[PDB]
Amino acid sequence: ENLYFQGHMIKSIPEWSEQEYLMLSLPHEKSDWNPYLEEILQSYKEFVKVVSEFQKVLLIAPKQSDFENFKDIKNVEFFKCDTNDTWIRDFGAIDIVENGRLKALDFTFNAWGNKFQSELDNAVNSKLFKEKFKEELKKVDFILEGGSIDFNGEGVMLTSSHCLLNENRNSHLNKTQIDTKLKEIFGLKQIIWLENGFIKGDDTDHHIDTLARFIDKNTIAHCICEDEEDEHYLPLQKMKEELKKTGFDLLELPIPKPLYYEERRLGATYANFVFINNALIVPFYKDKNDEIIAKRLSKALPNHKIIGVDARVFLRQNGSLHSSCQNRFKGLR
């Protein structure tokens, strides 16, 4: 579809497209990771080692000493920059194809409705693209997190109404204004707006990357709850019914049985996985459903190695694997 609008033809890139880097922001002394900084860093080591076997990894941290934990890992690069937190999925630049070339977008990030400090995270993209990539960066005057949106690459996007229409985000516009703006920015034909569904512990106002994800052009993998007494049951059932009306094939990702840290339910979701070259890295929570979701996804993705990575520690700060990384795609810049 050769559509041009105000000088540009735009294509949205799905996660399974070929990538150059996976980018992460390390936990450090002055982040909210402090009370268990070593447990989370041990988990990062595993995550990084697994990804590095398939494609390059870029680690962003505010001190040289933060990199010394990862020094002897193949295909790992380092970049010095100050950070508030580690959730680069939400503040990291987002690639699109603009007139046949890769171009990165730099949306404004306010930490999910100014729930935490966000001034340093906001400036990571400017500095990274100025010092490392030495590459122009498109400023977009619009509050958006990458975790709140999901693409199939044929011009269809997936998102949640509760997040994007929240008064703590872009309150000054309405649904029609927002739906229009995002279609122009990513050159989309369609946006699917999910009214129902959440994961308990999620402090991001119902990010789509905890609920439903495209795994190929035709297939959406989405969360459900097998336990009818769990608060997740009918919210995810209603969400499942919305998803049936889209016409896409569906793959079910049953949530684990409740996990707690300091008498607080953790937001475990198998939807927070990440595509890299030739592999899909999936979060494992040491529930019996780890095996079940791994077999399902693996059978549905015969060109990928599906790899489980222990993601329990990530949940203490209310995100998982996908939340903790950002994809930078391979192509002409």
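From 1 onward, residues are counted along the sequence shown.
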Fill in the blank from the handout: Once average C-alpha B-factors are taken from the entry for 1-9 and 322-330, the winner is 1-9
Fill in the blank from the handout: When mean C-alpha B-factors in the record are compared for 252-260 and 70-78, the larger belongs to 70-78
Exercise for the section: By the entry's C-alpha temperature factors, tell me which of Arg89, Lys138, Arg213, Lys217 sits highest. Expected result: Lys138
Completion exercise
Per the deposited B-factor column, the C-alpha that peaks among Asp95, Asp209, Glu119, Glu98 belongs to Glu119
Handout entry: Relative C-alpha B-factor of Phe198, binned into the chain's lowest, middle or highest third
Key = middle
Fill in the blank from the handout: Here the Cα B-factor of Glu229, set against its chain, lands in the third termed highest
Practice task
Just say lowest, middle or highest third for the CA B-factor of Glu46 relative to the other modelled residues in its chain.
Solution key: middle
Practice task
Please rank the C-alpha B-factors of the chain's modelled residues and tell me whether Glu53 sits in the lowest, middle or highest third.
Solution key: middle
Exercise for the section: Please place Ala111 in the lowest, middle or highest third of its chain by C-alpha B factor as given in the entry. Expected result: highest
